[PDB]
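*Asks:* My structure is below; once you've seen it, I'll send some questions.
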Amino acid sequence: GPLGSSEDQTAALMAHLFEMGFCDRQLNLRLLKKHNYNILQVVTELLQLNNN
Amino acid sequence: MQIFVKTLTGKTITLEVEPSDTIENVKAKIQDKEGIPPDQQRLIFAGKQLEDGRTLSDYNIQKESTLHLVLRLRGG
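Going line by line, the protein sequences match chains B and A. Under the authors' numbering, the letters of the first sequence match residues 1 to 5, 913 to 959, in that order. For the second sequence, the authors' numbering assigns the number 1 to the initial residue and increments by one for each residue that follows.
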């Protein structure tokens with residue numbers, strides 16, 4: 001079917924995370940690869956690290 | 001005081017909340033228009049979680065503040 005997904916989408920996702928309160932492109936990258944690009948899981952997983 | 005809620009879909013919802021408005025009630029003000037369950041509704045403020053049993057004042061939420069809304073869907 002498709003030839004390939913736009914990897915540029917990752918940049919848009921990163922920006923949404925930075926607007927919250929993380930500013931860690933490294934942590935975001937290692938999280939995105941953990942759930943095969945899942946912004947919903949990344950944000951909630953990161954929150955479980957610093958919610959106190 | 002009006003505040004803004006930013007969704008992952010790139011939507012900015014405006015809400016009218018009071019200083020004594022509990023986070024749980026805020027979710028209700030979203031539930032009626034969005035239809036999304038409060039239990040699934042997760043609000044992020046400055047990279048921090050908002051407890052349902054806390055008030056806006058607990059997280060120094062003022063006027064025109066932007067709250068992020070993320071949902072953790074479960075499959076199996």
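Ideal placement from N, C-alpha and C gives every residue a C-beta, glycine not left out.
For a contact meaning CB atoms closer than 8 Å, what does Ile-44 of chain A contact in chain B?
*Replies:* Against the second sequence, residue 44 of chain A aligns to sequence position 44. By Cβ distance, chain B contributes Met-927, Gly-928, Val-950, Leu-954.
*Asks:* State the beta-bridge partners of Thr-12 of chain A as determined by DSSP.
*Replies:* Position 12 of the second sequence, counting from 1, holds the residue named residue 12 of chain A. Answer by DSSP bridge pairing, in chain order: A:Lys-6.
*Asks:* Taking Cβ to Cβ, would you say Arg-72 of chain A is nearer than 8 Å to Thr-951 of chain B?
*Replies:* For the purposes of this step, residue 72 of chain A is taken as the residue at position 72 of the second sequence. For the purposes of this step, residue 951 of chain B is taken as the residue at position 44 of the first sequence. Contact flag set, yes.
*Asks:* To the nearest angstrom, report how far apart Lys-48 of chain A and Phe-929 of chain B are at their CA atoms.
*Replies:* Taking the first residue of the second sequence as 1, we reach residue 48 of chain A at position 48. Taking the first residue of the first sequence as 1, we reach residue 929 of chain B at position 22. Their backbone Cα atoms lie some 9 Å apart in a straight line.
*Asks:* Give the residues of chain B in contact with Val-70 of chain A, contact being defined as C-beta atoms less than 7 Å apart.
*Replies:* The residue you call residue 70 of chain A lines up with position 70 of the second sequence. Residues of chain B passing the Cβ test: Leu-947, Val-950, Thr-951.
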